[PDB]
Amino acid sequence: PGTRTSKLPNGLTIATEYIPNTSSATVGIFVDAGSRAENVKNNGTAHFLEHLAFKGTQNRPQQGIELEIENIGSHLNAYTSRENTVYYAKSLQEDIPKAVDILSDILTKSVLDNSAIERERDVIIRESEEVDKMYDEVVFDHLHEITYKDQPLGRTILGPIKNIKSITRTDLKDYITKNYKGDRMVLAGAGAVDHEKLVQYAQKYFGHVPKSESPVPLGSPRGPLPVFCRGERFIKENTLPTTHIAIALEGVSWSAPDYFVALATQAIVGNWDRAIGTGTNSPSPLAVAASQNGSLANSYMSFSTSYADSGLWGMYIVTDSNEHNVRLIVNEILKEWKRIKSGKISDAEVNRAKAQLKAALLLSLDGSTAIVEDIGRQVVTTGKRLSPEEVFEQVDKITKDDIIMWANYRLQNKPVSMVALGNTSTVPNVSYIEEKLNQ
């Protein structure tokens, strides 16, 4: 009942949650790594590895991995975030071990054939051009760049085209060697899974992994805390029909005591879309203003992003490049944040926000896959897994006061960074925003 944990001699943590009445499961290997482990010349490597992991190992050629997973009905997937590298598998309970085997094989015994490494350069470029068509992604990548100026968190995951063209097999093996340590990874499982047996298999297939020479517990400070840099980047592009704006202030990290309060406040402001509304029976004053007299924008979305040692919290706005004066919708958003800071919020909207949050965090932990996702990310970035019941409790206890406090600390006399893409002429300055906000 709950999440069982075991540590391997090399430092690798095994976290598990058994799900009664199931005959399938998910197992994933999470590594404290991702793009934040790269440097300016290194940038883009972790993602490159992600792609090559399915190309062949010292034990299985590409088509051997594919055909092997498909004959038993399993699934193999991977992704790279700024914080982690994750490979995971879904399979019938009978195949859990074969699963662990393949995951280890792919993560640590990958061939990294030079031919493959070259053919892939083009695939990554194509991928890069596709993201360039997702304006929200573009804005947030730029936001990270200026907010975390010249820091690890400030680099994108794909990396610059320049690097996508210069990454060498040496870079790849170096990244592997430097980052793949037992004390820096978590093998998470859920569904029809025996914790004891999975630990054995972990030892068997992942035991050969090097320990760091300076082991630190999964949730301990990497080193110097990232620092939030105030700034602005206006990216003029008059061909775009819509303009995109992201406004952020330093947020909360995964382990912050006020983490849930930050999410609760995000839910209190919420989202809005010119056509769809708020997704709520009763709209905030912001949503109402947004929709009035012709509309002030096309949509807005509150966001809160967390990392182990930092976080960003703010608003993403999309406007009509020809019809909207961005300044007007920004005014309303700041007014809404000030409404919260001033305490003018009902018990009802606080309760609504807490209910929304609880649901978003808990009713979504449905399959073994979503659960493994929660186990793995929590342990690998925090050192522990707060249980669904613990999380419920953390949200349930939030008060109107906690929220007012949090907004006054985070949204008063604090630095803000901003990025705008499109018809930039109507977008207000960062010092303008701080002036109105702190005012």
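Numbers for residues come from their place in the sequence shown, where the first is 1.
Asker: For the higher mean C-alpha B factor in the entry, choose 279 to 287 or 116 to 124.
Answerer: 116 to 124 has the higher mean C-alpha B-factor.
Asker: Averaging CA B factors per stretch from the PDB record, which one is higher: 301 to 309 or 97 to 105?
Answerer: Stretch with the higher mean C-alpha B-factor: 97 to 105.
Asker: Could you tell me which one of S387, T382, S35, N59 shows the highest CA temperature factor in the PDB record?
Answerer: Among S387, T382, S35, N59, the PDB entry lists the largest C-alpha B-factor for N59.
Asker: Highest CA temperature factor in the entry: which of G189, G251, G270, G207?
Answerer: Largest recorded C-alpha B-factor: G207.
Asker: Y135's Cα B-factor: lowest, middle or highest third of the chain?
Answerer: Within its chain, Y135 is a middle-third residue by C-alpha B-factor, going by the deposited values.
Asker: Please place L12 in the lowest, middle or highest third of its chain by C-alpha B factor as given in the entry.
Answerer: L12: CA B-factor falls in the highest third of its chain.
Asker: Based on the deposited C-alpha B factors for this chain, I'd like to know if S368 is in the lowest, middle or highest third.
Answerer: CA B-factor rank for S368: lowest third.
Asker: Quick check on the deposited entry: does the C-alpha B-factor of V427 sit in the lowest, middle or highest third of its chain?
Answerer: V427: CA B-factor falls in the middle third of its chain.
Asker: Lowest, middle or highest third: where is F54 by Cα B-factor in its chain?
Answerer: Highest third, going by the recorded CA B-factors of the chain.
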